[PDB]
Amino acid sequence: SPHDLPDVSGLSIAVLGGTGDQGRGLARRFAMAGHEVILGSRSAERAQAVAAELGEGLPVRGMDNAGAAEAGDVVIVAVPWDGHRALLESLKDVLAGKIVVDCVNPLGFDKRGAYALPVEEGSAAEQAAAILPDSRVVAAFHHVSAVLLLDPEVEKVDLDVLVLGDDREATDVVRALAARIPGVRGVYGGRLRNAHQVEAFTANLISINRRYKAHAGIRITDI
């Protein structure tokens, strides 16, 4: 079955730029599911403090981005677009041989809402893949609502996480990881060359949120 997934328990997860909403939201849910999580930050002090407020008795701690990248079995990139290239260029060697999950949305915002920025490489995920030929780059978690992830009263989210990439085993691991967030199914969304439109659909989700006063997600039907 294409729905079959590997057992990913005992994988540790680093989250780079883990000190904001997206990173804290993912870290919180993975730690609640039992994974050791390592938050990364440009300042290790700031990461350890955020880790300490994240939830009592959760297996989470903080380091600088390089330590986090070195510590984690799987590494999630959750920095803003503006620091994406420079971060990954600096951690090329630390990330060699690892699954690296890019959730970065290159978006702009003006008085009419959100829009998608152009990217030389095709997409944030394709940029990552071009910088890190020795990593298995996977694109995932662009559509999560970090506020729902962080909220203690949210038990489940109504979301299929699209997981893109060129290596089957890597995309499978990240689909299994996605499913540790209650309500989520990890759904194979294509090869990395079709990540642009996934990142950019976040601008449409922002538009939808505004129109409908919602924290919208997506489900794929018929699968």
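The numbering used is simple: start at 1 and walk along the sequence shown.
Query raised in the report: Which has the higher mean CA temperature factor in the PDB entry, 205-213 or 12-20?
Result: Mean C-alpha B-factor is greater for 12-20.
**Report entry** Per the entry, higher mean C-alpha B factor between 61-69 and 169-177
**Finding:** Looking at the record's C-alpha B-factors, the answer is 61-69.
Requested in this report: Could you check 84, 112, 143, 136 and tell me which one carries the biggest Cα B-factor in the deposited entry?
Outcome: Going by the entry's C-alpha B-factors, 112 comes out highest.
Requested in this report: Rank-wise, by C-alpha B-factor, drop residue 187 into the lowest, middle or highest third of its chain.
Outcome: For residue 187, the deposited C-alpha B-factor lands in the lowest third.
Query raised in the report: Looking at the C-alpha B-factor of residue 147, is it in the lowest, middle or highest third of its chain?
Result: Highest third, going by the recorded CA B-factors of the chain.
Report task. Could you look up the Cα B-factor of residue 50 in the entry and say which third of the chain it sits in: lowest, middle or highest? Result -> For residue 50, whose C-alpha B-factor we compare with every modelled residue in the chain, the answer is the highest third.
**Report entry** Third of chain Cα B-factors occupied by residue 28
**Finding:** For residue 28, whose C-alpha B-factor we compare with every modelled residue in the chain, the answer is the middle third.
Report task. Report the third (lowest, middle or highest) to which the CA temperature factor of residue 198 belongs, ranking only the modelled residues of the same chain. Result -> Lowest third - that is where residue 198 ends up once the chain's C-alpha B-factors are sorted.
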